Every structure is written in C-alpha cells, then in structure tokens.
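K.L.:
Got a file for you: final30.cif, mmCIF, N, CA and C atoms.
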```cif
data_structure
loop_
_atom_site.label_atom_id
_atom_site.label_comp_id
_atom_site.auth_asym_id
_atom_site.auth_seq_id
_atom_site.Cartn_x
_atom_site.Cartn_y
_atom_site.Cartn_z
N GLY W 1 27.88 16.47 24.95
CA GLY W 1 27.50 16.28 23.56
C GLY W 1 26.57 17.38 23.06
N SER W 2 26.99 18.63 23.23
CA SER W 2 26.19 19.77 22.80
C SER W 2 25.42 19.43 21.52
N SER W 3 24.09 19.49 21.61
CA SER W 3 23.24 19.20 20.46
C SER W 3 22.61 20.47 19.91
N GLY W 4 22.82 20.71 18.62
CA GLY W 4 22.27 21.90 17.98
C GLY W 4 21.58 21.59 16.67
N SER W 5 21.36 22.62 15.86
CA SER W 5 20.70 22.45 14.57
C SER W 5 21.67 21.91 13.53
N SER W 6 21.19 20.97 12.72
CA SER W 6 22.02 20.37 11.68
C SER W 6 21.51 20.75 10.29
N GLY W 7 20.21 20.60 10.08
CA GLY W 7 19.62 20.93 8.80
C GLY W 7 18.49 19.99 8.42
N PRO W 8 17.48 20.53 7.72
CA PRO W 8 16.32 19.75 7.28
C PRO W 8 16.67 18.75 6.19
N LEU W 9 15.71 17.89 5.85
CA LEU W 9 15.92 16.89 4.82
C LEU W 9 16.53 17.51 3.56
N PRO W 10 17.26 16.69 2.79
CA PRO W 10 17.91 17.13 1.56
C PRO W 10 16.90 17.44 0.45
N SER W 11 17.22 18.44 -0.37
CA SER W 11 16.34 18.83 -1.46
C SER W 11 16.16 17.69 -2.46
N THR W 12 15.12 16.89 -2.25
CA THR W 12 14.84 15.76 -3.13
C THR W 12 13.43 15.83 -3.68
N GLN W 13 13.12 14.95 -4.63
CA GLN W 13 11.80 14.92 -5.25
C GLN W 13 11.33 13.48 -5.45
N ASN W 14 10.38 13.05 -4.64
CA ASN W 14 9.84 11.70 -4.73
C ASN W 14 8.33 11.72 -4.93
N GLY W 15 7.80 10.66 -5.52
CA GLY W 15 6.37 10.58 -5.76
C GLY W 15 5.62 9.97 -4.60
N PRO W 16 4.38 10.44 -4.36
CA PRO W 16 3.54 9.94 -3.27
C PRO W 16 3.05 8.52 -3.52
N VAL W 17 2.79 7.80 -2.43
CA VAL W 17 2.32 6.42 -2.53
C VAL W 17 0.80 6.35 -2.40
N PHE W 18 0.16 5.74 -3.39
CA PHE W 18 -1.30 5.61 -3.39
C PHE W 18 -1.72 4.26 -2.80
N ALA W 19 -2.70 4.30 -1.91
CA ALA W 19 -3.20 3.09 -1.27
C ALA W 19 -4.71 3.13 -1.12
N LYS W 20 -5.37 2.01 -1.42
CA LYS W 20 -6.82 1.92 -1.32
C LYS W 20 -7.23 1.24 -0.01
N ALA W 21 -8.29 1.75 0.61
CA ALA W 21 -8.78 1.19 1.86
C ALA W 21 -9.62 -0.06 1.60
N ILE W 22 -9.06 -1.22 1.94
CA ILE W 22 -9.76 -2.49 1.75
C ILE W 22 -10.68 -2.79 2.92
N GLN W 23 -10.56 -2.00 3.98
CA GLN W 23 -11.39 -2.18 5.17
C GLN W 23 -11.95 -0.85 5.65
N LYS W 24 -12.97 -0.92 6.50
CA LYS W 24 -13.60 0.28 7.04
C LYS W 24 -12.89 0.75 8.31
N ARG W 25 -12.26 1.91 8.24
CA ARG W 25 -11.55 2.47 9.39
C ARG W 25 -12.22 3.74 9.88
N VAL W 26 -12.68 3.71 11.13
CA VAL W 26 -13.34 4.86 11.73
C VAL W 26 -12.65 5.29 13.02
N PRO W 27 -12.42 6.61 13.16
CA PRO W 27 -11.77 7.17 14.34
C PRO W 27 -12.65 7.09 15.59
N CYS W 28 -12.06 6.65 16.69
CA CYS W 28 -12.79 6.52 17.95
C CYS W 28 -13.36 7.87 18.38
N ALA W 29 -14.42 7.82 19.18
CA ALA W 29 -15.07 9.04 19.67
C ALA W 29 -14.04 10.02 20.21
N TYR W 30 -12.93 9.50 20.72
CA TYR W 30 -11.88 10.33 21.27
C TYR W 30 -10.62 10.26 20.42
N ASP W 31 -10.80 10.13 19.11
CA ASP W 31 -9.68 10.04 18.18
C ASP W 31 -9.86 11.02 17.03
N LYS W 32 -9.14 12.14 17.08
CA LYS W 32 -9.22 13.15 16.04
C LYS W 32 -8.14 12.93 14.98
N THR W 33 -6.95 12.56 15.43
CA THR W 33 -5.83 12.32 14.52
C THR W 33 -6.11 11.12 13.62
N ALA W 34 -6.94 10.20 14.11
CA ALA W 34 -7.29 9.01 13.34
C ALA W 34 -8.15 9.36 12.13
N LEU W 35 -7.67 9.00 10.95
CA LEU W 35 -8.40 9.28 9.71
C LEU W 35 -9.43 8.19 9.43
N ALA W 36 -10.61 8.60 8.98
CA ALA W 36 -11.68 7.66 8.66
C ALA W 36 -11.69 7.33 7.18
N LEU W 37 -11.72 6.04 6.87
CA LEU W 37 -11.74 5.58 5.48
C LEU W 37 -12.76 4.46 5.29
N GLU W 38 -13.24 4.31 4.06
CA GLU W 38 -14.22 3.28 3.74
C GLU W 38 -13.70 2.36 2.64
N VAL W 39 -14.38 1.24 2.44
CA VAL W 39 -13.99 0.27 1.43
C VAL W 39 -14.10 0.86 0.03
N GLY W 40 -12.96 1.11 -0.59
CA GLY W 40 -12.95 1.68 -1.93
C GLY W 40 -12.60 3.16 -1.93
N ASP W 41 -11.64 3.54 -1.10
CA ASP W 41 -11.21 4.93 -1.01
C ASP W 41 -9.71 5.06 -1.24
N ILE W 42 -9.31 6.14 -1.91
CA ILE W 42 -7.90 6.38 -2.20
C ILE W 42 -7.29 7.32 -1.17
N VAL W 43 -6.34 6.81 -0.39
CA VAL W 43 -5.67 7.61 0.63
C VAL W 43 -4.35 8.15 0.12
N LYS W 44 -4.34 9.43 -0.27
CA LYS W 44 -3.13 10.07 -0.78
C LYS W 44 -2.22 10.50 0.37
N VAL W 45 -1.11 9.79 0.53
CA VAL W 45 -0.15 10.10 1.59
C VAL W 45 1.13 10.70 1.01
N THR W 46 1.64 11.73 1.67
CA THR W 46 2.86 12.39 1.23
C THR W 46 3.99 12.20 2.24
N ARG W 47 3.64 12.15 3.52
CA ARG W 47 4.62 11.97 4.58
C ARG W 47 4.46 10.61 5.24
N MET W 48 5.37 9.69 4.94
CA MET W 48 5.33 8.35 5.51
C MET W 48 6.34 8.21 6.64
N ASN W 49 5.85 7.90 7.83
CA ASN W 49 6.71 7.74 9.00
C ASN W 49 7.16 6.29 9.14
N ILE W 50 8.46 6.09 9.30
CA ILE W 50 9.02 4.75 9.46
C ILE W 50 8.30 3.98 10.56
N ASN W 51 7.96 4.69 11.64
CA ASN W 51 7.27 4.07 12.77
C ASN W 51 6.14 3.16 12.29
N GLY W 52 5.28 3.69 11.43
CA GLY W 52 4.18 2.91 10.90
C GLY W 52 3.03 3.78 10.41
N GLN W 53 2.56 4.67 11.27
CA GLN W 53 1.46 5.56 10.91
C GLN W 53 1.92 6.61 9.91
N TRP W 54 1.11 6.83 8.88
CA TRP W 54 1.43 7.82 7.85
C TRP W 54 0.44 8.97 7.87
N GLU W 55 0.79 10.06 7.19
CA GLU W 55 -0.07 11.24 7.14
C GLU W 55 -0.70 11.39 5.75
N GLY W 56 -1.98 11.06 5.65
CA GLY W 56 -2.68 11.16 4.38
C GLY W 56 -3.98 11.94 4.50
N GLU W 57 -4.36 12.60 3.41
CA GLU W 57 -5.59 13.38 3.39
C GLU W 57 -6.65 12.71 2.53
N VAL W 58 -7.85 12.56 3.08
CA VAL W 58 -8.96 11.94 2.36
C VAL W 58 -10.27 12.65 2.63
N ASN W 59 -10.93 13.09 1.57
CA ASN W 59 -12.21 13.80 1.69
C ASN W 59 -12.09 14.95 2.68
N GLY W 60 -11.09 15.80 2.48
CA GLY W 60 -10.88 16.93 3.36
C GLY W 60 -10.68 16.52 4.81
N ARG W 61 -9.88 15.47 5.01
CA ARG W 61 -9.61 14.97 6.36
C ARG W 61 -8.27 14.25 6.41
N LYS W 62 -7.29 14.88 7.05
CA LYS W 62 -5.96 14.30 7.17
C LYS W 62 -5.77 13.65 8.54
N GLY W 63 -5.47 12.36 8.54
CA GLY W 63 -5.26 11.65 9.79
C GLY W 63 -4.35 10.45 9.63
N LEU W 64 -3.94 9.87 10.75
CA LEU W 64 -3.05 8.71 10.73
C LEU W 64 -3.85 7.42 10.54
N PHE W 65 -3.43 6.61 9.57
CA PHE W 65 -4.10 5.35 9.28
C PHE W 65 -3.10 4.20 9.24
N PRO W 66 -3.53 3.02 9.72
CA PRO W 66 -2.68 1.83 9.75
C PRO W 66 -2.42 1.27 8.36
N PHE W 67 -1.20 0.80 8.13
CA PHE W 67 -0.82 0.24 6.84
C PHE W 67 -1.44 -1.15 6.65
N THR W 68 -1.77 -1.80 7.76
CA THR W 68 -2.37 -3.13 7.71
C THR W 68 -3.85 -3.06 7.36
N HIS W 69 -4.30 -1.86 6.99
CA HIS W 69 -5.70 -1.66 6.62
C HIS W 69 -5.83 -1.35 5.13
N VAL W 70 -4.79 -0.74 4.57
CA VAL W 70 -4.79 -0.39 3.15
C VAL W 70 -3.86 -1.30 2.36
N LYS W 71 -4.09 -1.38 1.05
CA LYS W 71 -3.27 -2.22 0.18
C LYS W 71 -2.61 -1.38 -0.91
N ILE W 72 -1.29 -1.52 -1.03
CA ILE W 72 -0.54 -0.77 -2.04
C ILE W 72 -0.76 -1.36 -3.43
N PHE W 73 -1.22 -0.52 -4.35
CA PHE W 73 -1.47 -0.95 -5.72
C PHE W 73 -1.16 0.17 -6.71
N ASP W 74 -1.35 -0.11 -7.99
CA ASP W 74 -1.09 0.87 -9.04
C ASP W 74 -2.39 1.41 -9.62
N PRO W 75 -2.99 2.40 -8.94
CA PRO W 75 -4.24 3.02 -9.37
C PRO W 75 -4.07 3.85 -10.64
N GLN W 76 -2.83 3.98 -11.09
CA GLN W 76 -2.54 4.76 -12.29
C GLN W 76 -2.19 3.84 -13.46
N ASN W 77 -3.02 2.83 -13.68
CA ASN W 77 -2.80 1.89 -14.77
C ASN W 77 -3.98 1.89 -15.74
N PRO W 78 -3.67 1.88 -17.05
CA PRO W 78 -4.69 1.88 -18.10
C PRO W 78 -5.45 0.56 -18.17
N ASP W 79 -4.94 -0.45 -17.47
CA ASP W 79 -5.57 -1.77 -17.45
C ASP W 79 -7.04 -1.66 -17.05
N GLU W 80 -7.86 -2.57 -17.56
CA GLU W 80 -9.28 -2.58 -17.25
C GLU W 80 -9.85 -1.16 -17.26
N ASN W 81 -9.52 -0.41 -18.30
CA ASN W 81 -9.99 0.97 -18.44
C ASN W 81 -10.06 1.38 -19.90
N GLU W 82 -11.27 1.62 -20.39
CA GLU W 82 -11.47 2.02 -21.78
C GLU W 82 -11.10 3.49 -21.98
N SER W 83 -10.61 3.81 -23.17
CA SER W 83 -10.21 5.18 -23.48
C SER W 83 -11.11 5.77 -24.57
N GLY W 84 -11.81 6.85 -24.22
CA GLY W 84 -12.70 7.49 -25.18
C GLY W 84 -13.27 8.79 -24.65
N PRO W 85 -13.56 9.73 -25.56
CA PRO W 85 -14.12 11.03 -25.20
C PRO W 85 -15.56 10.93 -24.71
N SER W 86 -15.82 11.46 -23.52
CA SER W 86 -17.16 11.43 -22.94
C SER W 86 -17.68 10.00 -22.88
N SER W 87 -16.82 9.07 -22.46
CA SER W 87 -17.20 7.67 -22.36
C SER W 87 -16.51 7.01 -21.17
N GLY W 88 -17.18 6.02 -20.58
CA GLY W 88 -16.63 5.32 -19.44
C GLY W 88 -17.68 4.60 -18.63
#
```
Now, as a test, write the supplied structure out as structure tokens.
P.N.:
Amino acid sequence: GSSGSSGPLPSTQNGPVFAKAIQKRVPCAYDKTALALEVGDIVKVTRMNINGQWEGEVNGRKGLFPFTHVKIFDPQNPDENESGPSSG
C-alpha cells in the first residue's frame, strides 16, 4: 500500500471559535504546551483538533486547553452593551 503525498486541506475560509475561560487553568511545572487561563479570559483558537485539545493563543501564550474548561458563547453580541462615543 505505497503511501505518498496527497495534498493539504482544501482552500476554505472559516471563522474562529471564541470561548471564555469559566475556570482557572494553569500549566503544570512540567507543562509548557499547556496554556494558562483565568476566569474571564477570551481564548482565540484557530486550529481545533477533533481529538479534543485545541490550539489557542492568549496573552502572548499559545497552548493546548481542555474544552471542558471553557464555554462556547457569542462574545460578538451588542446585547448588554451600550453604544456611544467615548462611553462605556
């Protein structure tokens, strides 16, 4: 079953998934890949692995974080948000 190169993912365009850290996640003393997050942080992930762990960057730190720690929501909603110049 000679295995060779087939080709990278298809030229597509999808939007990133935003998730807020509802819990405090800190990387073990021997965990560099583990991303550290705090209660009330936005983890911008672009590469989501089916396995479970995703690749997101937060505060200049990209690491793998558990999905059972963050909650998927719509942080891009005008709800509960006043609109005005130099106001908020």
K.L.:
How many Å lie between CA of residue 87 in chain W and CA of residue 22 in chain W, rounded to one decimal?
P.N.:
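Value for the CA of residue 87 in chain W-CA of residue 22 in chain W distance: 27.2 Å.
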K.L.:
Could you write out as a PDB file with N, CA and C atoms, in the frame of the given file the residues that the PyMOL selection byres (((chain W and resi 33 and name CA) around 8) and name CA) matches in the shown file?
P.N.:
```
ATOM      1  N   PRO W  27     -12.420   6.610  13.160  1.00  0.00           N
ATOM      2  CA  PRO W  27     -11.770   7.170  14.340  1.00  0.00           C
ATOM      3  C   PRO W  27     -12.650   7.090  15.590  1.00  0.00           C
ATOM      4  N   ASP W  31     -10.800  10.130  19.110  1.00  0.00           N
ATOM      5  CA  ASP W  31      -9.680  10.040  18.180  1.00  0.00           C
ATOM      6  C   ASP W  31      -9.860  11.020  17.030  1.00  0.00           C
ATOM      7  N   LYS W  32      -9.140  12.140  17.080  1.00  0.00           N
ATOM      8  CA  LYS W  32      -9.220  13.150  16.040  1.00  0.00           C
ATOM      9  C   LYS W  32      -8.140  12.930  14.980  1.00  0.00           C
ATOM     10  N   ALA W  34      -6.940  10.200  14.110  1.00  0.00           N
ATOM     11  CA  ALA W  34      -7.290   9.010  13.340  1.00  0.00           C
ATOM     12  C   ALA W  34      -8.150   9.360  12.130  1.00  0.00           C
ATOM     13  N   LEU W  35      -7.670   9.000  10.950  1.00  0.00           N
ATOM     14  CA  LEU W  35      -8.400   9.280   9.710  1.00  0.00           C
ATOM     15  C   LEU W  35      -9.430   8.190   9.430  1.00  0.00           C
ATOM     16  N   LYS W  62      -7.290  14.880   7.050  1.00  0.00           N
ATOM     17  CA  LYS W  62      -5.960  14.300   7.170  1.00  0.00           C
ATOM     18  C   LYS W  62      -5.770  13.650   8.540  1.00  0.00           C
ATOM     19  N   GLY W  63      -5.470  12.360   8.540  1.00  0.00           N
ATOM     20  CA  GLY W  63      -5.260  11.650   9.790  1.00  0.00           C
ATOM     21  C   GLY W  63      -4.350  10.450   9.630  1.00  0.00           C
ATOM     22  N   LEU W  64      -3.940   9.870  10.750  1.00  0.00           N
ATOM     23  CA  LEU W  64      -3.050   8.710  10.730  1.00  0.00           C
ATOM     24  C   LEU W  64      -3.850   7.420  10.540  1.00  0.00           C
TER      25      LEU W  64
END
```
K.L.:
Name the residues, using the chain letters and numbers of the file, that sit within 7 Å of (-12.3, 2.2, 9.7) when counting only N, CA and C atoms, and give them as a ChimeraX atom specification.
P.N.:
/W:23-27,35-38
K.L.:
Counting all atoms listed in the file, which residues of range 5-63 of chain W fall within 6.5 Å of range 73-80 of chain W, and what is the closest atom pair for each with its distance in Å at one decimal, ordered by chain and rising number, as JSON lines?
P.N.:
```
{"residue": "W:18", "atom": "C", "partner": "W:73", "partner_atom": "N", "distance": 5.0}
{"residue": "W:19", "atom": "CA", "partner": "W:73", "partner_atom": "N", "distance": 5.1}
{"residue": "W:20", "atom": "N", "partner": "W:73", "partner_atom": "N", "distance": 5.7}
```
K.L.:
Next, the residues of the selection above should be written as a CSV table (one decimal), in the frame of the given file with N, CA and C atoms.
P.N.:
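Done, and the output landed in out26.csv:
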```
chain,number,residue,atom,x,y,z
W,18,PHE,N,0.2,5.7,-3.4
W,18,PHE,CA,-1.3,5.6,-3.4
W,18,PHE,C,-1.7,4.3,-2.8
W,19,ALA,N,-2.7,4.3,-1.9
W,19,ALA,CA,-3.2,3.1,-1.3
W,19,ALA,C,-4.7,3.1,-1.1
W,20,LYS,N,-5.4,2.0,-1.4
W,20,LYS,CA,-6.8,1.9,-1.3
W,20,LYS,C,-7.2,1.2,0.0
```
K.L.:
Quick one: distance from CA of residue 40 in chain W to CA of residue 70 in chain W in Å, one decimal?
P.N.:
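CA of residue 70 in chain W lies 9.8 Å from CA of residue 40 in chain W.
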K.L.:
In Å, rounded to a single decimal, give me how far atom C of residue 56 in chain W is from CA of residue 44 in chain W.
P.N.:
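Calculated distance between CA of residue 44 in chain W and atom C of residue 56 in chain W is 5.7 Å.
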K.L.:
Translate the PyMOL selection byres ((chain W and resi 45) around 8), as applied to the file shown, into an explicit residue set as number ranges by chain.
P.N.:
W: 15-19, 42-44, 46-48, 54-58
K.L.:
Run DSSP on the backbone and give me the residues of chain W it puts in strand (DSSP E), as a PyMOL selection string.
P.N.:
chain W and resi 17-21+42-48+54-57+62-65+70-72
K.L.:
Reconstruct N, CA, C and O atoms of range 29-40 of chain W; output as a CSV table (one decimal), in the coordinates of the input.
P.N.:
```csv
chain,number,residue,atom,x,y,z
W,29,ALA,N,-14.4,7.8,19.2
W,29,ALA,CA,-15.1,9.0,19.7
W,29,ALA,C,-14.0,10.0,20.2
W,29,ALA,O,-14.3,11.2,20.2
W,30,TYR,N,-12.9,9.5,20.7
W,30,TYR,CA,-11.9,10.3,21.3
W,30,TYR,C,-10.6,10.3,20.4
W,30,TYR,O,-9.5,10.3,20.9
W,31,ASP,N,-10.8,10.1,19.1
W,31,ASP,CA,-9.7,10.0,18.2
W,31,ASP,C,-9.9,11.0,17.0
W,31,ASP,O,-10.6,10.8,16.1
W,32,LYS,N,-9.1,12.1,17.1
W,32,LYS,CA,-9.2,13.2,16.0
W,32,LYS,C,-8.1,12.9,15.0
W,32,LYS,O,-8.4,13.1,13.8
W,33,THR,N,-7.0,12.6,15.4
W,33,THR,CA,-5.8,12.3,14.5
W,33,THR,C,-6.1,11.1,13.6
W,33,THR,O,-5.6,11.0,12.5
W,34,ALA,N,-6.9,10.2,14.1
W,34,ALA,CA,-7.3,9.0,13.3
W,34,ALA,C,-8.2,9.4,12.1
W,34,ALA,O,-9.2,10.0,12.3
W,35,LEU,N,-7.7,9.0,11.0
W,35,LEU,CA,-8.4,9.3,9.7
W,35,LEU,C,-9.4,8.2,9.4
W,35,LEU,O,-9.2,7.0,9.6
W,36,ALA,N,-10.6,8.6,9.0
W,36,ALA,CA,-11.7,7.7,8.7
W,36,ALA,C,-11.7,7.3,7.2
W,36,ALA,O,-11.7,8.2,6.3
W,37,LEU,N,-11.7,6.0,6.9
W,37,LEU,CA,-11.7,5.6,5.5
W,37,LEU,C,-12.8,4.5,5.3
W,37,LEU,O,-13.1,3.8,6.2
W,38,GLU,N,-13.2,4.3,4.1
W,38,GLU,CA,-14.2,3.3,3.7
W,38,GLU,C,-13.7,2.4,2.6
W,38,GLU,O,-12.7,2.7,2.0
W,39,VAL,N,-14.4,1.2,2.4
W,39,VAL,CA,-14.0,0.3,1.4
W,39,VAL,C,-14.1,0.9,0.0
W,39,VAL,O,-15.2,1.1,-0.5
W,40,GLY,N,-13.0,1.1,-0.6
W,40,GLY,CA,-13.0,1.7,-1.9
W,40,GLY,C,-12.6,3.2,-1.9
W,40,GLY,O,-13.2,3.9,-2.7
```
